[PDB]
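Listed next as structure tokens: two forms of one protein chain, kept apart as structure 1 and structure 2.
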Structure 1
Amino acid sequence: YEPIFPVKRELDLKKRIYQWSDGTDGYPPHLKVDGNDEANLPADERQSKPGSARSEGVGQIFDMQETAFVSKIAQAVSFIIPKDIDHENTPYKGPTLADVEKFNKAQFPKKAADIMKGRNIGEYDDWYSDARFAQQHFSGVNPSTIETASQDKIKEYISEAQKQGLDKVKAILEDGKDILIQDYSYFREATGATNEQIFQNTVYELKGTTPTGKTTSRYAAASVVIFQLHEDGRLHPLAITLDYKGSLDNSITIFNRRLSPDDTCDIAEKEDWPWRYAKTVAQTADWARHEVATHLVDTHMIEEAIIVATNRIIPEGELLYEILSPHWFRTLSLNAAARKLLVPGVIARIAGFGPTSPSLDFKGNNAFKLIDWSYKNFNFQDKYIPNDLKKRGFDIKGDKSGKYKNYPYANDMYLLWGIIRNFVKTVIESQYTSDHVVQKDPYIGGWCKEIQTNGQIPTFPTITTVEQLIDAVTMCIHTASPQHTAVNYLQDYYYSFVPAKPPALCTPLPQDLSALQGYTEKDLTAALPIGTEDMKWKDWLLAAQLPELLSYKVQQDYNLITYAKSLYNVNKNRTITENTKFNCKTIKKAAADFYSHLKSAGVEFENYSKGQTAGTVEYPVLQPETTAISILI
């Protein structure tokens, strides 16, 4: 008969089922899906009704009703709100901030049921405040990109401070008492736009398929926020560059009229319309870097690359496949729905990068140029939590000062990284006993080469040592589960109230410093998507509904805990400690530990949360009970 080679037959089959994209769609490498149509996914990785065997599907990922609703908004291309979606009162109707804030609180119940259960930052009256704004850079949806300010970047702000004759603010930077930066000036470099070109998205009105002359513009800014970190451990915003353009000579850079959190000035924080605008512009900058870079690229897309490469090279039954496999549950169908609807029909629509909405060529669209560049400029090893916290300038290993008490991400993760490495170290070493044993493995070398080339993650290691294999496996797990968890499952809260953190601006920037300095509420109210005017209704809905959709809380069984308890691979409907091949006494002992380590950690993440400055919003996101096995939303 014809000769049968079980392995090479199975891999030949997987390399047909799991194929790469040619990249003509304008996305980083992913699983090839003809027109991203559900049907053209691999049979098992498709979607069934909720309460089904895993050989059928993965259960309805999103909330049926709020998908049909969000799809309704994306499809709605008419500038006149459709009869269906329209209501007597809406959270964008206003027409004032007061009226919009007043609506928000009246939608808190006792339907909207996530990890904050229908609640948002709108609960806090003083969300505008310097503490709550800045606190989002430690505890918000993007806690992982703030870093120590380069000495020669302080040198710029020392100069601009002097230029404005602000003698007080100069002395603060002069010495350099824990001066930190959050830098979105890279958006230009990232989109190939010149320093004379402004970010503008021209939203063309269509009569279904055919356009009418009518348009409305949304705007975006390569902002740069400068913070000082005090000893009591409060992150204080000092300065915002609204849109950085090579130098601060060519940009308009405002300074906080209160130079500390306790500072008192006769103009309040609520009435400081110049500063409340700047912060709102700096919020659009972080919305982008969060959704594109920190969320979509760094988690969803990096994980898909691993999934595809791992499936193509490493066979089902191999140890590496079995530890990684569970952390992929339903990731592929979700990215196929992101690439189809969410990225083009929402992200690229509500963002201010443009150049147009809708787009006919995504390779020409800037949101896609940013998606592409974010993937290209990711670094697999540098975002190892230890290496992450080190290079960004955070010594969590030994801070006696207690200055990082307001930074629970940095606290929670430094612990949680070692714990997941502990687990992997025990399981990997149960087969991979030496650097040599790794070197003489068939798949690990080709696994790396596949990821470094086709996956287009060159920063992925050439795995020689046992430590190198452990960190790589930790990272795949860390990215897929707790890192995605942190950045995914606080969207509803921080985005639901659109003014707190809006996706883009609905009016051009102020022309110069002198113009901004005399800004009224109506300017911000206009800049935000409020009123029946200029299709601002659609921008609000999408801005506050995508968060609620993607914040929809994880099911009990898709916990990191429930896995650590029983090692049950939800994704593959099997258990690793039922493969007589592997040294299972060890694996059961690693899992037994890993579980006791996580229960123990949930206690510490709690302490870190309540250990923050009085009033500071909680950080419950990395609670193992509320952490996802995979990138499953």
Structure 2
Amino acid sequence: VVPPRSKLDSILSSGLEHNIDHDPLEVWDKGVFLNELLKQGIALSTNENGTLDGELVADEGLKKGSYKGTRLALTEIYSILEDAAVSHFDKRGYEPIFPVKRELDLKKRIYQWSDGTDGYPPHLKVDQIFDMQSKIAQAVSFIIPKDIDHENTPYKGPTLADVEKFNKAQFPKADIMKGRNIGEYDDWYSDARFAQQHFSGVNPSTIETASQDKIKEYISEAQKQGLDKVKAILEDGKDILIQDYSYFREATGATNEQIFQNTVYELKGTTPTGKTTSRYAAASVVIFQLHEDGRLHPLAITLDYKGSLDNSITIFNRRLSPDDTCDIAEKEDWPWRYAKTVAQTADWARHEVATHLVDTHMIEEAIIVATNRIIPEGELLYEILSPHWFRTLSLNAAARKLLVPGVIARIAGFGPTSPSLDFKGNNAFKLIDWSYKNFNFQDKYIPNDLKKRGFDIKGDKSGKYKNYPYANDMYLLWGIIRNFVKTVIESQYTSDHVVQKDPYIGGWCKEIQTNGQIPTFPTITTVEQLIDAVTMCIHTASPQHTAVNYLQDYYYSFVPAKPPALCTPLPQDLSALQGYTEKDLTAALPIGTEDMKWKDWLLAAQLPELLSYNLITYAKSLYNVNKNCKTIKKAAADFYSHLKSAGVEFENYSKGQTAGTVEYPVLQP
């Protein structure tokens, strides 16, 4: 044998077999990271007695870093804040960790309404890190060094072809799709793949039938540009759809003559340095047409809709049909690619703010709070709803404290500036307020939502909805959750009067409509209204949130496919836009070593991991504890069977898409 004293010596004495630099950091050792924060003064300061100051320790933030280290640093600090939140909510008893029995009267003292002065819609009033409720938002600009090595980063460029190349090199190799992005497709820019996102990407649920009036406007704007075939297509008017972001102005208080801009101040600790960076945004409008075979096809994009099409800049597609051929390949149609990117920035905002944050997280929270204030724990409604809300309130607070003012409001183009002293005077937050105000609980029950946005998913046998798997899956899933809810709710609620004389349903509806500020929540008096509202809550908690968030990384990670905002002003008119080139597009995306664009790319690629990083386990758990609980038992067995049966159907709607179309695995049990 070689003895162990010889093996030891040969390892210590000989050169190194393995060079650390060839092995990049994948996740921080938690202990080491917490320390480095300390050493850097990225930490809360305190007085002799133990109480907080209000301030951090470090006066300035970090100097140097590397995209990969800063990327993971943001992630870790965020996950720290969430634990901090979780722990804080345990102490207060907003979400206790070890269960606690609490009368309904003590819960009214614990669960209170915030008052709107933090700048948010109504939520749990919150009041160690959440005791001074800003200083945490500080700590994120402190982790983002003032400059980083730009070599071997995903934004360096200088061209799209460069960042495409880099993107693919970072891929590993349904389960898979998680670990790649839309860059995997060489034609990530294609009209087909662009519009497809309005049916099966992260915001599948806001596109709607275009109205006769809008159609008329574009018929008129088409005529002005001497474009006869477009005019005909529109005038004939068969299945014209619209995705309409023009409400950005209405929702921020913007006038039609004002331009969306976010001037970003470089701070040195807290004071500015003089250096600024502007990001720009737009209240775009896309008109599409949906063909018989199923392919949604884009016809027109209005970059920023300023009151009328006369006052705006509309560009029409050279291809009038998925199969049309122009002399200029889609790849080199730069104005149109610019237009498409612009519309993508609009969708980023509407998705992130309204469809994700507002329509799943913040409405749900108003309902969580009201439920705890109004229904005692023993009751059926409580018993059925509460499992879907676990650890939800604490997470919503991290988002409020840090995610919106630190990231969403930093990389948007709404401004007016960043950072911002008051969040009431900040456009992102007004946009959140408006989304909240204009949410309609009932209109968003799946069957009403499709019918209203104008889709006969339910009955159509033509196959023109085969490329709308969100719709097809959700019709089916919604009815399966409903059926479950029904079997359970009907075990006690045997006629509409049991609902009408329930001691709690009445004030619950009231609490929500008023303090919760969701007037569109039903005033429940029927069993069918009770079934539907509860189905919407389970819908909102699991599958809607999962549809709207699970492929967030896939769609945003490769920033050129769907950038948060523009890095340059919009063109001054149509003529300018028609002369756009690859450089005009590229300038407007966060690519290169200049204008703090790396910081934008960094945050834009990170947001998914910060927002990301099921119903069978539910059904299975429910069946086991319940072994009228005999009715609750069979309801959960049946529910289990049907979700499985549906899984096969979602994989069919995914396959049944037209050829080449990206998969839709998002609702797999």
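Each residue is numbered by where it sits in the sequence of structure 1, with counting from 1. For clarity, a rigid core is taken as the largest C-alpha set superposing within 1.5 Å between two forms.
Put simply, after the core is superposed between structure 1 and structure 2, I80 is the one residue in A98, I267, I80, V437 with a Cα shift of at least 2 angstroms. Taking the rigid core as fixed, one finds a CA shift for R9 of 2 Å or more between structure 1 and structure 2. Core fit done between structure 1 and structure 2; CA of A282 shifted by 0.2 Å. Relative to the superposed core, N89 has its Cα moved 1.0 Å between structure 1 and structure 2. The rigid core superposition between structure 1 and structure 2 gives a CA shift for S566 of 2.3 Å.
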